[PDB]
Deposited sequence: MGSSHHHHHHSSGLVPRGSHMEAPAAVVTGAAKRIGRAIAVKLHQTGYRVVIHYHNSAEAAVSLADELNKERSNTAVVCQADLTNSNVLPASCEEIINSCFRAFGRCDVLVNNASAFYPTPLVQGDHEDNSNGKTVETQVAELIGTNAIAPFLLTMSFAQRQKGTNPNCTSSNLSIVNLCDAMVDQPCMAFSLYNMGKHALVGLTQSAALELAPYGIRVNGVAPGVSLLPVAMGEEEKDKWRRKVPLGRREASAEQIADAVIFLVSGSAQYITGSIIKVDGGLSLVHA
């Protein structure tokens, strides 16, 4: 029907939820993708459907790289067409994030599949599927990282995956421009800190941020996604907007 539709990956919680909520408030129908967070995904879709019925569905998939990842990414895009008859927007938000020291219970090949698959390869396959299933304001927004050039110690694979995501953003903006598909990124600095992190460590990171000495709210991240998908960004493609309160400008 006549409301546009969006896919948001890793949308059960945290930033991906804030993006799906804000898209839904702007008038989109949404596919809430999730991996393990089944209860949180269904609860969000229920909340959205209560606000406007038949406007949210969930879709489960592991985005770890394997020989079936192309099928799973094809299926995520397929689920948006099955529910809503169209797919206007793809938000690549799902991400694995953990250290992989170079000088050192997962195997290294599992670490590569997870950190490179979720951060880079699944975005590429979803982009291919999104583009191939096209028949309006079509675009993709990749969630990138403002600190990719000043990386955390011992996170090489995660950093490699986020750099690859910058290259995807640029390559796909170039190649999909003739189809009228825009491809942009939003690059948080510190936003919602990891659930595992102690308050004392959270505050150490907060104190580094020039603009307010605090992390970004999930909603502040979502605001920049909403801008890039909007008609106010219709000439914008291949741009990555930092939303980092100045953190990347701060020297050691």
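**Student:** Wait, which stretches of the deposited chain are just not there in the structure?
**Tutor:** The deposited sequence has unmodelled segments at 1-20, 125-132, 164-171.
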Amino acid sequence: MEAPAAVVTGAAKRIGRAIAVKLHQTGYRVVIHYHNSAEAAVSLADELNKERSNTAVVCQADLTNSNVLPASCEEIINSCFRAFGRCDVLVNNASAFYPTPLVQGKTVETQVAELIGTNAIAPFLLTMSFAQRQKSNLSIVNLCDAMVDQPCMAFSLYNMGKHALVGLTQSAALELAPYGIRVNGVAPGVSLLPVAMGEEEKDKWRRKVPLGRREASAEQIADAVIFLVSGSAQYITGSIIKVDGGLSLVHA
From here on, numbers count along this sequence of modelled residues.
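So that the term is clear: the rigid core is the largest set of C-alpha atoms that superpose within 1.5 Å between two forms.
**Student:** Just give me the stretch that moves more in 9 other deposited structures of this protein: 56-64 or 211-219, judged by RMS C-alpha distance after a core fit.
**Tutor:** Stretch with the higher C-alpha RMS distance in 9 other deposited structures of this protein: 211-219.
**Student:** Where both flanking residues are modelled in the other PDB entries compared, is residue 161 itself missing in a third or more?
**Tutor:** No, residue 161 has coordinates in all the other entries compared.
**Student:** Counting the other entries of this protein, is residue 104 left out in at least a third of them?
**Tutor:** yes, residue 104 frequently unmodelled elsewhere, at least a third of entries.
**Student:** 221-229 versus 33-41: which one carries the higher mean Cα B factor per the record?
**Tutor:** Higher mean C-alpha B-factor in the PDB entry: 33-41.
**Student:** Pick between 20-28 and 234-242: the one whose mean CA B-factor in the entry is higher.
**Tutor:** Comparing 20-28 with 234-242, the higher mean C-alpha B-factor belongs to 20-28.
**Student:** For the CA B factor values reported in this entry, which option in 118, 78, 150, 127 has the top one?
**Tutor:** It is 78.
**Student:** Would you mind checking which of 196, 183, 69, 186 has the top Cα temperature factor in the PDB entry?
**Tutor:** Among 196, 183, 69, 186, the highest C-alpha B-factor in the entry belongs to 196.
**Student:** Taking the chain's C-alpha temperature factors as the reference, tell me which third residue 57 falls into: lowest, middle or highest.
**Tutor:** Highest third, going by the recorded CA B-factors of the chain.
**Student:** Select lowest, middle or highest to describe the third in which the CA B-factor of residue 114 falls within its chain in this entry.
**Tutor:** Middle third by C-alpha B-factor.
**Student:** In terms of the chain's CA B-factor thirds, is residue 250 lowest, middle or highest?
**Tutor:** Ranked within chain, residue 250 CA B lands in the lowest tercile.
**Student:** Grab the CA temperature factor for residue 83 from the record and place it in the lowest, middle or highest third of its chain.
**Tutor:** Answer is highest: the recorded C-alpha B-factor places it there.
**Student:** If you rank the chain by CA B-factor, which third does residue 179 end up in: lowest, middle or highest?
**Tutor:** Top third by C-alpha B-factor.
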